[PDB]
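Enquirer: piece number one of the complex, untouched:
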Amino acid sequence: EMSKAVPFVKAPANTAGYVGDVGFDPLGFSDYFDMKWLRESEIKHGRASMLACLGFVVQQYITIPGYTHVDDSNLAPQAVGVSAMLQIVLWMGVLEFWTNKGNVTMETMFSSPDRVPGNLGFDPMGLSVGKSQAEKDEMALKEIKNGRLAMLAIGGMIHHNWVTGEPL
Amino acid sequence: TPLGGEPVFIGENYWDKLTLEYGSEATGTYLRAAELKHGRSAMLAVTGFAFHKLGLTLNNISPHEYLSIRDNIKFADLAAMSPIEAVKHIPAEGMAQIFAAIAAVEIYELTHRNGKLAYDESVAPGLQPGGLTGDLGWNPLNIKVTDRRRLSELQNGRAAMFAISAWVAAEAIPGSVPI
């Protein structure tokens, strides 16, 4: 009846069979928008953040030969140019069209009865294959939580430098 | 439940910790695949190093010794500056070319599942559980594919790896045993 997370507003409907469910939706976005799109968004925002949290830290100390070491990760695009930056994002596109067999909008995605949120088919090593349901639910709670930590993280790493002018 | 191990003696050890508790049967395949890749790479490297040390280069074995063909990069000069300090003298063009072939092979090992490339998929065939078994199917004039051949190949692989590692170490710094 009431929310588990914040126990003085009403419990959000149509968020029941999802992994990180603690009933946290005070602004009611899940009442208005499709829940499969919102989950798929939250996982993708989290995975890009987790890669950017490693990136922001490892870029200070490791630099690949041919580039210029930049003291602050934030100043890296200027030290790589625009041609290299566009190559990254245009290939990200091509990797995204192939990803969802061409269904790339909020109307075409999740039009098949298959295609559950976050299941890319990606598993080269075999992590979580042939196991039980409780274990699968547990490992999915870890990807959400670490991704949510990394989103609020990748703010702070990027923001710290905004004010100041030196690395992490 | 993996393939044959050490012939003189056997020991699996660090295998059930990831193919039962950490991972599963899909990880087993992947691991073997990686091992085979590394083995083959090491073998080729070993052969190359051996050839370089011996002396059988273009100047000794053929009529052509001018690799650069514009950058004045003869084979004699590259055969007189060891094996580790020779790979850095390779022209960028050539480097690019080499990266190309390898890239193509890797992509094939990734797209072309079985007989032909797969046009529609969420991810690449080899990026899924058990995506790359280890065998690419490249068997020109295939003599045999038995249970002995595989084991022999594997053994030659690890041996080659160790050998080349040792070789590199010795060129770089005091190793341990003789060469």
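Expert: Good, I have the coordinates. Numbers count the residues shown, from 1 in each chain, chains lettered A, B, ... in the order given.
Enquirer: mind listing what the closest residue to chain B within chain A touches?
Expert: Closest approach of chain A to chain B (CB to the nearest CB) occurs at residue A:126, with a separation of 2.4 Å. Quick note: C-beta positions are derived from backbone N, CA and C, even for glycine. Each residue near residue A:126 by CB atoms under 8 Å, 6 or more residues apart in numbering or on different chains is listed here: B:23, B:24, B:25, B:26, B:27, B:28, B:29, B:30, B:129, B:130.
Enquirer: cool, and residue B:172?
Expert: Neighbour list for residue B:172: residue B:84 [criterion: CB under 8 Å, 6+ apart].
Enquirer: From residue A:14, how far out is it?
Expert: Between residue B:172 and residue A:14 the distance, using CB to CB, to the nearest Å, works out to 63 Å.
Enquirer: Kindly report the same for residue A:25.
Expert: Distance, residue A:25 to residue A:14, using CB to CB: 10 Å.
Enquirer: what do those two both touch?
Expert: Common contacts of residue A:25 and residue A:14 (CB under 8 Å, 6+ apart): residue A:31.
Enquirer: and those two? which has more neighbours close in?
Expert: The neighbour comparison of residue A:25 against residue A:14 (other CB atoms under 10 Å in any protein chain shown) goes to residue A:25, with 19 against 11.
Enquirer: That one reaches residue A:15, doesn't it?
Expert: Yes - at 6.4 Å, residue A:25 and residue A:15 qualify as touching, with contact defined as CB atoms under 8 Å.
Enquirer: what number of residues lie near residue 75?
Expert: I went with chain A, as the question did not name one. Residues near residue A:75, counting by other CB under 10 Å: 13.
Enquirer: my bad, chain B
Expert: 19.
Enquirer: ok, it - contacts?
Expert: Residue B:75 touches B:57, B:58, B:59, B:64, B:65, B:66, B:67, counting by CB under 8 Å, 6+ apart.
Enquirer: In contact with the fourth one, which residues?
Expert: Residue B:64 makes contact with B:58, B:75, according to CB under 8 Å, 6+ apart.
Enquirer: tell me the SS of the residue positioned nearest the centre of chain B?
Expert: When CA atoms, centre = their mean is applied to chain B, the residue found nearest the centroid is residue B:41 (1.2 Å). Three-state assignment for residue B:41 (DSSP: H, G, I helix; E, B strand; the rest coil): helix.
Enquirer: Another chain to add, chain C:
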Amino acid sequence: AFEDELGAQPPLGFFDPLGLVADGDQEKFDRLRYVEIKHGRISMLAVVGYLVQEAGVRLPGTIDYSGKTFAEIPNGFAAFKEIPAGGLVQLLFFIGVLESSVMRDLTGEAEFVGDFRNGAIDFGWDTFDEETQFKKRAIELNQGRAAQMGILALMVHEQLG
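Expert: Once chain C is put in with the chains from before, the structure reads:
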């Protein structure tokens, strides 16, 4: 109680001068093997370190980008004087990550304590009879006992001169 266990061997055998397993005051039937094995494993890599790390075989190159070579770094507690203090933390830290992430019973199939890997010191070892375990796990345990008296020597004799 534990007179027939690993480590009791001639000439002494079971020899507890303090009365340590004489009761369970703090559950002395367990963890005292684990506390005895753990110090010695440090000491065995220390003394096979420190004697080779006295003989004069060095790594090539420099400890950093600023040109400080490894050959300029002597042996002993003097070697930590020529480690800059950023190194002293990271030398502890990713070893300290090993204490909480590999230096514990991870999978739960440990026959013993110090039993973490199961398969990689299997040195043609599966053939050998269960008795060969008790031999080279006494030989593990008693190298580690005797390498502490090696390393406690080679730490105190440096400060004594």
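Enquirer: The contacts of residue B:172 again, this time with chain C added?
Expert: B:84, C:60.
Enquirer: now with 10 Å?
Expert: B:84, C:60, C:61 (CB atoms under 10 Å, 6 or more residues apart in numbering or on different chains).
Enquirer: Strands of chain A, start to end?
Expert: With strands called from DSSP state E, chain A shows none.
Enquirer: What count of nearby residues applies to residue C:28?
Expert: Residue C:28, neighbours per other CB under 10 Å, totals 16.
Enquirer: Name the residues of chain C found near chain B, please.
Expert: Counting by CB under 10 Å from any CB of the partner chain, chain C comes close to chain B at C:57-61, C:106-109, C:116-128.
Enquirer: Get me the contact residues on chain B for chain C.
Expert: Residues of chain B lying near chain C by CB under 10 Å from any CB: B:5-6, B:8-18, B:20-22, B:172-174.
Enquirer: Helices - which of these land there?
Expert: residue B:172 (DSSP state H).
Enquirer: Give me the buried entries from the residues of chain B next to chain C.
Expert: B:5, B:11, B:13, B:15, B:16, B:17, B:18 (16 or more other CB atoms under 10 Å in any protein chain shown).
Enquirer: Nearest residue to residue 76 in space, please, no chain neighbours.
Expert: Since you didn't name a chain, this refers to chain A. residue A:70 (5.0 Å; CB to CB, 6 or more residues apart in numbering or on different chains).
Enquirer: Chain C, not that one
Expert: What sits nearest to residue C:76 in space, not counting adjacent residues and going by CB to CB, 6+ apart, is residue C:158, at 4.9 Å.
Enquirer: State the distance from the one you found to residue C:144.
Expert: Residue C:158 sits 21 Å away from residue C:144, going by CB to CB.
Enquirer: Those two: who's more crowded?
Expert: Counting neighbours by other CB under 10 Å for residue C:158 and for residue C:144 shows that residue C:144 has the greater number, 20 against 13.
Enquirer: Mind giving me the packing neighbours of the host helix or strand of the more buried one?
Expert: Using DSSP states H and E, residue C:144 falls within helix C:130-160. Secondary-structure packing of helix C:130-160 (3 or more CB pairs under 10 Å, 6 or more residues apart in numbering or on different chains; DSSP states H and E): helix C:32-55.
Enquirer: add one more, call it chain D:
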Amino acid sequence: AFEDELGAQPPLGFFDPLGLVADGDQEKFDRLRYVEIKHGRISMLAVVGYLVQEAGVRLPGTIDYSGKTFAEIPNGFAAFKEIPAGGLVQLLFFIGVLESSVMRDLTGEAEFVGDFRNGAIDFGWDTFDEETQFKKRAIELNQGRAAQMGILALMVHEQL
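Expert: If we add chain D to the chains shown above, we get the following:
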């Protein structure tokens, strides 16, 4: 009502002048006792601190790499402000890991503290005498209860 509990020793017995466990709740006693036992010994280590410190007993050597020695350190509240800024961080850190590690032992209010063998040292709860623990835990509480009034002396007998 709330008698025969831990540490109600008689020079008084039933120390409740104003109804504080009864008008607290059903259970604040389970908080309050956990709350009291921690306050008692932080006072004890304050009393055993501030006395052994005042006798001049110091650790031989320096506290940092810049040459600040322990014998250059006077006492009172003038010694926490002297140990350096980074030196205070590593104090507070593996303290702050351990109000995390001890409050969350799969039960919060049933068992008390979360005994000192949490880290680097290991505890046995099985060796567990019924009669021996009533006196020894009620010494221990009542040592700290006097130590709190004792440390409240030496914190307040500095300012006046």
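Enquirer: what do you get for the contacts of residue A:126 once chain D is counted?
Expert: B:18-19, B:22-31, B:128-131.
Enquirer: Of all the residues in the helix holding residue C:144, which ones are buried?
Expert: Within helix C:130-160, the residues scored as buried using 16+ other CB under 10 Å are C:137, C:140, C:141, C:143, C:144, C:145, C:147, C:148, C:150, C:151, C:154.
Enquirer: Does the first one touch residue C:9 like I think?
Expert: No - the pair residue C:137 and residue C:9 fails to qualify as a contact (CB atoms under 10 Å) at a distance of 11.7 Å.
Enquirer: Let me see the contact set for residue A:21.
Expert: With CB under 10 Å, 6+ apart, residue A:21 has these contacts: A:4, A:5, A:12, A:15, A:141.
Enquirer: Go through these and flag which are in helices.
Expert: Going by DSSP H, the helices hold residue A:141 from the contacts of residue A:21.
Enquirer: The contacts of residue A:21: which two are farthest apart?
Expert: A:12 and A:141 (18.6 Å; CB to CB).
Enquirer: The two: which has the busier surroundings?
Expert: A direct count of neighbours by other CB under 10 Å for residue A:12 and residue A:141 places residue A:12 higher, at 19 against 13.
Enquirer: For the more buried one, which residues are in contact?
Expert: Applying CB under 10 Å, 6+ apart, the residues contacting residue A:12 are A:3, A:5, A:21, A:23, A:24, A:25, A:26, A:27, A:28, A:29, A:30, A:31.
Enquirer: ok, 6 Å please
Expert: A:23, A:25, A:30 (CB atoms under 6 Å, 6 or more residues apart in numbering or on different chains).
Enquirer: Indicate the residue of chain B located nearest to chain D.
Expert: For chain B, CB to the nearest CB, closest residue to chain D: residue B:21, 23.3 Å.
Enquirer: I'd like to know how many residues surround the nearest residue to that residue once chain neighbours are set aside.
Expert: Closest residue to residue B:21 apart from its sequence neighbours, by CB to CB, 6+ apart: residue C:107 at 4.8 Å. Other residues near residue C:107 come to 15 when the count uses other CB under 10 Å.
Enquirer: Residue C:107 contacts residue B:19, correct?
Expert: No - look at residue C:107 against residue B:19 with CB atoms under 6 Å: they stay out of range, at 11.6 Å.
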